[PDB]
Amino acid sequence: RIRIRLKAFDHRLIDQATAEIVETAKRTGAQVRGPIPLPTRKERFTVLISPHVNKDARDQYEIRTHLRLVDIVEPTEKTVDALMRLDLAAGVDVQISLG
Amino acid sequence: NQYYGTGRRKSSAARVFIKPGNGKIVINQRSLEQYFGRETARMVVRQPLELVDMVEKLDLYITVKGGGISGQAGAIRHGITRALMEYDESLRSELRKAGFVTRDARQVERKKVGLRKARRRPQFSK
Amino acid sequence: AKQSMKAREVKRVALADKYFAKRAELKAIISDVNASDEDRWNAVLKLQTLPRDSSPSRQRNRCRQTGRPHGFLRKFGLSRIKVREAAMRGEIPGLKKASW
Amino acid sequence: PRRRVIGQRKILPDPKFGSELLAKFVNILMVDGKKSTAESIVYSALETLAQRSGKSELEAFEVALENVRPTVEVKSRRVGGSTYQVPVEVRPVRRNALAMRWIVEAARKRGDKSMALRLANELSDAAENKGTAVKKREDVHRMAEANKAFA
Amino acid sequence: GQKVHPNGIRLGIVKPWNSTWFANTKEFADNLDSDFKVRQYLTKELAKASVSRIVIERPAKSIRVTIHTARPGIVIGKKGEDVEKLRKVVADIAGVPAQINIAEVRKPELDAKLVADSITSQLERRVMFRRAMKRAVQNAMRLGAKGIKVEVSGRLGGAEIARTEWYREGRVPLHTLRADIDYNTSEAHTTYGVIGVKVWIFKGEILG
Amino acid sequence: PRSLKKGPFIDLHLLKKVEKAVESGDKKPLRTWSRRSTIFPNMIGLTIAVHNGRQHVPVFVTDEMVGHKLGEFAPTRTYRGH
RNA sequence: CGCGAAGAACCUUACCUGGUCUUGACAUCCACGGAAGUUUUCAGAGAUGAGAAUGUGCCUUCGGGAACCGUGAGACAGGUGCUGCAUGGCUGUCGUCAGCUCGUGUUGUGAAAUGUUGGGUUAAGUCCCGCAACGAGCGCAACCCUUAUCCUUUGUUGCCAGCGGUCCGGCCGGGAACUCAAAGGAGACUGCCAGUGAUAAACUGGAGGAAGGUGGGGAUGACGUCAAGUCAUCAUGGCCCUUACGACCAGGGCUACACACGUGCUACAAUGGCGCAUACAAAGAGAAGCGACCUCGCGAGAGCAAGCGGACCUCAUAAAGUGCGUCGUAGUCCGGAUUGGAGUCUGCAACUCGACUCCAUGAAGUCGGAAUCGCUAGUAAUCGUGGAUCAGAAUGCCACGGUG
Ligand SMILES: [Mg+2]
Ligand SMILES: [Mg+2]
Ligand SMILES: [Mg+2]
Ligand SMILES: [Mg+2]
Ligand SMILES: [Mg+2]
Ligand SMILES: [Mg+2]
Ligand SMILES: [Mg+2]
Ligand SMILES: [Mg+2]
Ligand SMILES: [Mg+2]
Ligand SMILES: [Mg+2]
Ligand SMILES: [Mg+2]
Ligand SMILES: [Mg+2]
Ligand SMILES: [Mg+2]
Ligand SMILES: [Mg+2]
Ligand SMILES: [Mg+2]
Ligand SMILES: [Mg+2]
Ligand SMILES: [Mg+2]
Ligand SMILES: [Mg+2]
Ligand SMILES: [Mg+2]
Ligand SMILES: [Mg+2]
Ligand SMILES: [Mg+2]
Ligand SMILES: [Mg+2]
Ligand SMILES: [Mg+2]
Ligand SMILES: [Mg+2]
Ligand SMILES: [Mg+2]
Ligand SMILES: [Mg+2]
Ligand SMILES: [Mg+2]
Ligand SMILES: [Mg+2]
Ligand SMILES: [Mg+2]
Ligand SMILES: [Mg+2]
Ligand SMILES: [Mg+2]
Ligand SMILES: [Mg+2]
Ligand SMILES: [Mg+2]
Ligand SMILES: [Mg+2]
Ligand SMILES: [Mg+2]
């Protein structure tokens, strides 16, 4: 089988990017295994704000890396080819992985 | 044929299964005394089986994961008090009168900025 | 910082990344086990003659914009204040102000 | 607090016996949240006392707490240009809350070798009307009659 | 300083980001200089232009710089020069095949950077700030923007004791999160100092 | 202490200088701005002068010192008492 | 006053003593000889002089230009040097307190007032009712992130209720139920029954519910004030320097100590030391990186080399607790300070100055004076684990849970 990761920062931009892959596999063939919601790393950061001397005043930011994963079971030639035909919008990373 | 519950205390998730039987208590393939240390934990794990008169009639299978020694006791208490509401359902008014159906919405409260604990200040001079 | 310090850093990184072949072929001979105990004494006298700045310990991470040495963050690359001024405008992606 | 009149909260019952009286008493023996050793010390001394008095284990406690509940005590006013003490009566809850606190404040001042023995002695003494508990009770109970001209 | 920068409290509620790329920790460091080196050169170069907002975007090791501006004919000019000459230097700085766009800013009396840059050019050429602010509030109010606050600060009118001033109109709730608050600042460097300007423009409430 | 299996430390510019200065013998005091060298046994009986922060201080080195480093006979900041 | 400093051995570094340079350490313009070049000796602490093996990617009306390089004249460079009482930007405070004001109208000669007061009520200038007031804006509330129960959808690296093998390890055929991981929704409104109310505003009890009246926390800090705080993050208006207040290098210095104050850690012990067995967590981090298994070492750790851009692999064992011993009120088998001997690791280099482990040493201290500090429920009190800065180096800082 062939598995693809999807990493993004925004879950109104990961879901179109994964529906345009399920509606590519299910338009070149069949046997996709849906999106499976993996864990979500939240890389926090905490900085001071004041330029000289205030240790009791802070801003706290986070970054929430959204994961998804999609399997592909029985690949034809056009099934693997119409996927590498496809690019995606910026913000989303992929990494194709046979097994 | 068996009935099912699911309860959550502080940071635990019990999972309880009820069958009619004699009274066997199994937790993560351990007997009830082998797991728990204190007799108040053996009290609170048993409490709603004592409250209604259903110690003898039923056996139960329990799995619990994650939490503390009180978390995996209150969790099973909430689990059985859910799982007995899928047995006869006129137990519900007396379990509610006893105060066992309410899931405790308490949890550990975070640490803020410039507070050496969740609410403890540092000290003070003039 | 001053206008000389950033020049010193971009003069240090070049040497420290140029001589990276010899300071993993002197520490090998020094910190080996079965090697010569009279070549392990010349491979420790070469290491004080390779020039002093050529060393991946002797450089503090200056800021990528100002030059402020303290208060770094490694992931962004910018200091304590010039991460706040970008993340409260929108130039760093996914960097919303956290609460929970 | 100023505004919100508030409620005295619930408690678990005791593990062993079945009285919600002992729920405060196992709590007042405690330091740093470890309620298990507090549940153990008390259920050792409430057997040693239950042997030394020849009474039942639940009944050797109330008739030694009876001798250390007060009836009246003082607070302080200063309405005019003068501090007054005032002998007020005491509430039915704070009665027991004072009783179970004086005994434990006393039983960390003996010289014995164990907390169980330090509490069995401190309950037998206040079962026979002697000891550092009922002497404190005599001081509190006498500062009413030394101030009954104030009310 | 008591109030949060009212763009960056709405960075996920209404306002979207000004850079949408993605990389992991080993490249997130370098992209925040290959972004700033292509915003700095453009903010230098098209200073005469009406530029408001440069949005960068990296799909598949390739940049895509969108300029928001309101004088697109003084950035393009004759048949084929200015954006296609900018391609070869943006590609050199970013090290990838560059790709530049142009986005027309309709109604340039409302885009909050443009009113700020109008006022900070007027105070370079020494007009009365009390006239300039009221002109800005008038033009941004009759165009249809439901509310505006302008604020100037420091060395106003050549004085030797600094102070601020500010003019409201309409309604500008900064505590209500779901508004369309547009905020930007600027900094005139006159012969007496730096005279700071902040704006605030409320285009309407926005559901979601 | 150092790790032993690297051996002791000494600068080249003092090692080669001291092997020349033994085989030319002169007790003209040898000065150095290298106060981090482990003193070697063939440095027994020499008059060197280590920097201290201001000037050299002279050190006549005997059998007893040969474990230590050249800093521990140059006290650095002056002190007299309040 | 554990504050910039999220981490000073050299570096950082701004300070000191020495050695040195002056269109410069850092840029564009040239005057302009001359492709850059891994290497390599002498002298020097090093700064950097003296010395050894080289050229063609352009390509030229070849009196000259392109990424790279030497020398002298310059125009500017450079300052962590003063002015936060000339400024921008950013923050602390009164204060998360419920207040600060404008537009017409009227009254007052006028500064100003009315609105915003008054009787009720709310956490709140919140809401209703009356009033020379009528209306509106910034605030006080709501929209947002997280926590609390249910319903869908998608089932590996996550899970195992019923199936069959099972090395009794969900491991292995399998299963989509369940915990759980996340997308979209349902949910709480004083909406409902009663009573006091000025018939209203509300408020008090109780019924249903997982949650009751803002369900619990966070995010957001009005007008403004002390000429509050930094020109030393950065930018700056004027001023001062230019064989120096600029710039390179080695070694010192911030870490000294007769003393006083502020913040924290460890204890003064039986609710406790020590030795053996035994269970239950959460949230993070990792490619110059995290580095399991196996062997050598009493121990820090060196040796070999799989696994992982990670719900897969590592760091990783939780400790408090529970059971069985020992201990017997002693400066104690309490407490670990200080000092000597031997070692390990990162690192050009641990002498002034690194953490850590072993063998010795075993101070001061028996609950602490006047005066003072924090906290109203998963809270204070104790227990461990992680992260940021970082080659090595926090008892502080920032996070999450365990008992309660
Ligand atoms: Mg502090
Ligand atoms: Mg004081
Ligand atoms: Mg203070
Ligand atoms: Mg460093
Ligand atoms: Mg209170
Ligand atoms: Mg603030
Ligand atoms: Mg230094
Ligand atoms: Mg000031
Ligand atoms: Mg200021
Ligand atoms: Mg000052
Ligand atoms: Mg002044
Ligand atoms: Mg008026
Ligand atoms: Mg009139
Ligand atoms: Mg008022
Ligand atoms: Mg008024
Ligand atoms: Mg009122
Ligand atoms: Mg209001
Ligand atoms: Mg609010
Ligand atoms: Mg009720
Ligand atoms: Mg109710
Ligand atoms: Mg001042
Ligand atoms: Mg200064
Ligand atoms: Mg500058
Ligand atoms: Mg130096
Ligand atoms: Mg210091
Ligand atoms: Mg003192
Ligand atoms: Mg013991
Ligand atoms: Mg690390
Ligand atoms: Mg071994
Ligand atoms: Mg000891
Ligand atoms: Mg020892
Ligand atoms: Mg003593
Ligand atoms: Mg004693
Ligand atoms: Mg570290
Ligand atoms: Mg805690």
# chains A, B, ... in the order shown; residues from 1 in each chain; ligands from 1

call {"tool": "interface_residues", "arguments": {"of": "chain E", "to": "chain G", "cutoff": "9 Å", "atoms": "only C-alpha atoms (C1' of nucleotides)", "output": "ChimeraX atom specification"}}
result
/E:1-4,9-10,13,24,153-155,159-162,168-173,175-178,187-196,207

call {"tool": "interface_residues", "arguments": {"of": "chain B", "to": "chain A", "cutoff": "12 Å", "atoms": "only C-alpha atoms", "output": "MDAnalysis selection string"}}
result
chainID B and resid 112:116 121:122

call {"tool": "write_last_selection", "arguments": {"atoms": "N, CA, C and O atoms", "output": "PDB file, in the first residue's frame"}}
result
ATOM      1  N   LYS B 112      -0.007  30.113  35.965  1.00  0.00           N
ATOM      2  CA  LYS B 112       0.017  31.344  35.188  1.00  0.00           C
ATOM      3  C   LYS B 112       1.395  31.988  35.288  1.00  0.00           C
ATOM      4  O   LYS B 112       2.351  31.377  35.762  1.00  0.00           O
ATOM      5  N   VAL B 113       1.515  33.229  34.833  1.00  0.00           N
ATOM      6  CA  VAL B 113       2.801  33.893  34.650  1.00  0.00           C
ATOM      7  C   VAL B 113       3.100  34.759  35.859  1.00  0.00           C
ATOM      8  O   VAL B 113       2.301  35.626  36.227  1.00  0.00           O
ATOM      9  N   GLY B 114       4.259  34.542  36.469  1.00  0.00           N
ATOM     10  CA  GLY B 114       4.606  35.287  37.655  1.00  0.00           C
ATOM     11  C   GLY B 114       3.927  34.788  38.899  1.00  0.00           C
ATOM     12  O   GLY B 114       3.840  35.519  39.885  1.00  0.00           O
ATOM     13  N   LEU B 115       3.429  33.562  38.872  1.00  0.00           N
ATOM     14  CA  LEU B 115       2.826  32.916  40.022  1.00  0.00           C
ATOM     15  C   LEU B 115       3.565  31.606  40.201  1.00  0.00           C
ATOM     16  O   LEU B 115       3.532  30.757  39.310  1.00  0.00           O
ATOM     17  N   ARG B 116       4.219  31.424  41.346  1.00  0.00           N
ATOM     18  CA  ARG B 116       5.157  30.320  41.532  1.00  0.00           C
ATOM     19  C   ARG B 116       4.464  28.966  41.617  1.00  0.00           C
ATOM     20  O   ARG B 116       5.132  27.932  41.635  1.00  0.00           O
ATOM     21  N   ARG B 121       1.546  33.471  45.163  1.00  0.00           N
ATOM     22  CA  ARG B 121       2.426  34.573  44.795  1.00  0.00           C
ATOM     23  C   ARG B 121       3.848  34.290  45.249  1.00  0.00           C
ATOM     24  O   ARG B 121       4.091  33.363  46.011  1.00  0.00           O
ATOM     25  N   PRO B 122       4.805  35.086  44.838  1.00  0.00           N
ATOM     26  CA  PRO B 122       6.069  35.125  45.580  1.00  0.00           C
ATOM     27  C   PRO B 122       5.960  36.095  46.737  1.00  0.00           C
ATOM     28  O   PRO B 122       4.883  36.643  46.964  1.00  0.00           O
TER      29      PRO B 122
END

call {"tool": "residues_near_ligand", "arguments": {"ligand": "ligand 10", "cutoff": "10 Å", "atoms": "only C-alpha atoms (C1' of nucleotides) and all ligand atoms", "output": "list in words"}}
result
residues 84, 229 and 230 of chain G

call {"tool": "residues_around", "arguments": {"residues": "residue 2 in chain G", "least_positions_apart": "5", "cutoff": "9 Å", "atoms": "only C-alpha atoms (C1' of nucleotides)", "output": "PyMOL selection string"}}
result
chain G and resi 263-264+396-397

call {"tool": "write_last_selection", "arguments": {"atoms": "C-alpha atoms (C1' of nucleotides)", "output": "PDB file, in the first residue's frame"}}
result
ATOM      1  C1'   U G 263      14.248  36.281  47.219  1.00  0.00           C
ATOM      2  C1'   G G 264      14.648  30.746  47.181  1.00  0.00           C
ATOM      3  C1'   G G 396      15.559  30.357  39.620  1.00  0.00           C
ATOM      4  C1'   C G 397      11.845  30.713  34.892  1.00  0.00           C
TER       5        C G 397
END

call {"tool": "residues_near_ligand", "arguments": {"ligand": "ligand 4", "cutoff": "10 Å", "atoms": "only C-alpha atoms (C1' of nucleotides) and all ligand atoms", "output": "JSON, numbers by chain"}}
result
{"C": [56, 57, 58, 59, 60, 61], "G": [7, 8, 11, 12, 390, 391, 392]}

call {"tool": "closest_residue", "arguments": {"among": "E:113, E:37, E:5, E:61", "to": "ligand 6", "atoms": "only C-alpha atoms and all ligand atoms"}}
result
E:5

call {"tool": "select_by_dssp", "arguments": {"residues": "chain F", "states": "helix (DSSP H, G or I)", "output": "list in words"}}
result
residues 4, 5, 6, 12, 13, 14, 15, 16, 17, 18, 19, 20, 21, 22, 41, 42, 43, 70, 71, 72 and 73 of chain F

call {"tool": "interface_residues", "arguments": {"of": "chain E", "to": "chain C", "cutoff": "9 Å", "atoms": "only C-alpha atoms", "output": "CSV table (one decimal) with C-alpha atoms, in the first residue's frame"}}
result
chain,number,residue,atom,x,y,z
E,4,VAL,CA,-2.6,44.7,22.1
E,5,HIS,CA,-1.8,45.2,18.4
E,6,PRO,CA,-5.3,44.7,17.1
E,7,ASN,CA,-4.2,42.8,14.0
E,8,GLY,CA,-2.4,40.2,16.0
E,9,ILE,CA,-5.3,39.4,18.3
E,10,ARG,CA,-7.4,38.5,15.3
E,11,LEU,CA,-4.8,36.5,13.4
E,12,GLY,CA,-7.1,33.4,13.3
E,16,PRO,CA,-5.6,35.9,7.7
E,17,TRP,CA,-1.8,35.8,7.7
E,18,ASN,CA,0.6,37.7,5.5
E,19,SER,CA,2.8,34.6,4.7
E,20,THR,CA,1.4,31.2,4.1
E,21,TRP,CA,4.2,28.7,3.6
E,22,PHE,CA,5.2,25.7,5.6
E,25,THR,CA,12.4,23.4,12.1
E,26,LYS,CA,15.5,23.2,9.9
E,27,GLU,CA,14.1,25.6,7.3
E,28,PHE,CA,11.8,27.8,9.4
E,29,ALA,CA,14.9,29.6,10.5
E,30,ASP,CA,16.1,30.6,7.0
E,31,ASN,CA,12.7,31.4,5.6
E,32,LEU,CA,12.4,34.2,8.1
E,33,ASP,CA,15.3,36.0,6.5
E,35,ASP,CA,11.0,36.7,3.7
E,36,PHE,CA,12.4,39.8,5.3
E,55,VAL,CA,1.9,38.5,0.8
E,56,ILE,CA,4.5,35.9,0.3

call {"tool": "residues_near_ligand", "arguments": {"ligand": "ligand 17", "cutoff": "9 Å", "atoms": "only C-alpha atoms (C1' of nucleotides) and all ligand atoms", "output": "PyMOL selection string"}}
result
chain G and resi 125-126+139-140

call {"tool": "residues_near_ligand", "arguments": {"ligand": "ligand 15", "cutoff": "8 Å", "atoms": "only C-alpha atoms (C1' of nucleotides) and all ligand atoms", "output": "PDB file with N, CA, C and O atoms (P, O5', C5', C4', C3', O3' and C1' of nucleotides), in the first residue's frame"}}
result
ATOM      1  P     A G 113     -19.193  70.310  35.158  1.00  0.00           P
ATOM      2  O5'   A G 113     -20.721  70.487  35.507  1.00  0.00           O
ATOM      3  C5'   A G 113     -21.141  70.455  36.853  1.00  0.00           C
ATOM      4  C4'   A G 113     -22.591  70.825  36.964  1.00  0.00           C
ATOM      5  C3'   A G 113     -23.570  69.805  36.419  1.00  0.00           C
ATOM      6  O3'   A G 113     -23.882  68.797  37.352  1.00  0.00           O
ATOM      7  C1'   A G 113     -24.078  71.923  35.548  1.00  0.00           C
ATOM      8  P     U G 114     -24.128  67.300  36.854  1.00  0.00           P
ATOM      9  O5'   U G 114     -25.509  67.386  36.076  1.00  0.00           O
ATOM     10  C5'   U G 114     -26.716  67.658  36.763  1.00  0.00           C
ATOM     11  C4'   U G 114     -27.859  67.896  35.811  1.00  0.00           C
ATOM     12  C3'   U G 114     -28.223  66.739  34.913  1.00  0.00           C
ATOM     13  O3'   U G 114     -29.038  65.799  35.579  1.00  0.00           O
ATOM     14  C1'   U G 114     -28.221  68.777  33.684  1.00  0.00           C
ATOM     15  P     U G 116     -28.925  59.276  32.596  1.00  0.00           P
ATOM     16  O5'   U G 116     -27.570  59.445  33.395  1.00  0.00           O
ATOM     17  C5'   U G 116     -26.961  58.284  33.936  1.00  0.00           C
ATOM     18  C4'   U G 116     -25.729  58.571  34.758  1.00  0.00           C
ATOM     19  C3'   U G 116     -25.864  59.617  35.864  1.00  0.00           C
ATOM     20  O3'   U G 116     -25.111  59.200  36.999  1.00  0.00           O
ATOM     21  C1'   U G 116     -24.092  60.183  34.445  1.00  0.00           C
TER      22        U G 116
END

call {"tool": "residues_around", "arguments": {"residues": "residue 48 in chain C", "least_positions_apart": "2", "cutoff": "10 Å", "atoms": "only C-alpha atoms (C1' of nucleotides)", "output": "MDAnalysis selection string"}}
result
(chainID C and resid 43:46 50:52) or (chainID F and resid 9:13) or (chainID G and resid 348:349)

call {"tool": "write_last_selection", "arguments": {"atoms": "C-alpha atoms (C1' of nucleotides)", "output": "PDB file, in the first residue's frame"}}
result
ATOM      1  CA  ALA C  43      47.569  15.163  17.254  1.00  0.00           C
ATOM      2  CA  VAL C  44      47.070  17.172  20.451  1.00  0.00           C
ATOM      3  CA  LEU C  45      49.757  19.664  19.503  1.00  0.00           C
ATOM      4  CA  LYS C  46      48.196  20.257  16.115  1.00  0.00           C
ATOM      5  CA  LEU C  50      44.771  25.242  14.030  1.00  0.00           C
ATOM      6  CA  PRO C  51      43.625  28.855  14.507  1.00  0.00           C
ATOM      7  CA  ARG C  52      41.713  29.662  17.653  1.00  0.00           C
TER       8      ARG C  52
ATOM      9  CA  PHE F   9      48.185  20.213  28.321  1.00  0.00           C
ATOM     10  CA  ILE F  10      51.030  22.502  27.316  1.00  0.00           C
ATOM     11  CA  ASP F  11      51.293  25.129  24.613  1.00  0.00           C
ATOM     12  CA  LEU F  12      53.630  24.501  21.713  1.00  0.00           C
ATOM     13  CA  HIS F  13      55.086  27.979  22.028  1.00  0.00           C
TER      14      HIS F  13
ATOM     15  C1'   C G 348      41.697  24.709  21.402  1.00  0.00           C
ATOM     16  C1'   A G 349      41.740  25.150  27.166  1.00  0.00           C
TER      17        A G 349
END

call {"tool": "residues_near_ligand", "arguments": {"ligand": "ligand 29", "cutoff": "8 Å", "atoms": "only C-alpha atoms (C1' of nucleotides) and all ligand atoms", "output": "ChimeraX atom specification"}}
result
/G:295-297
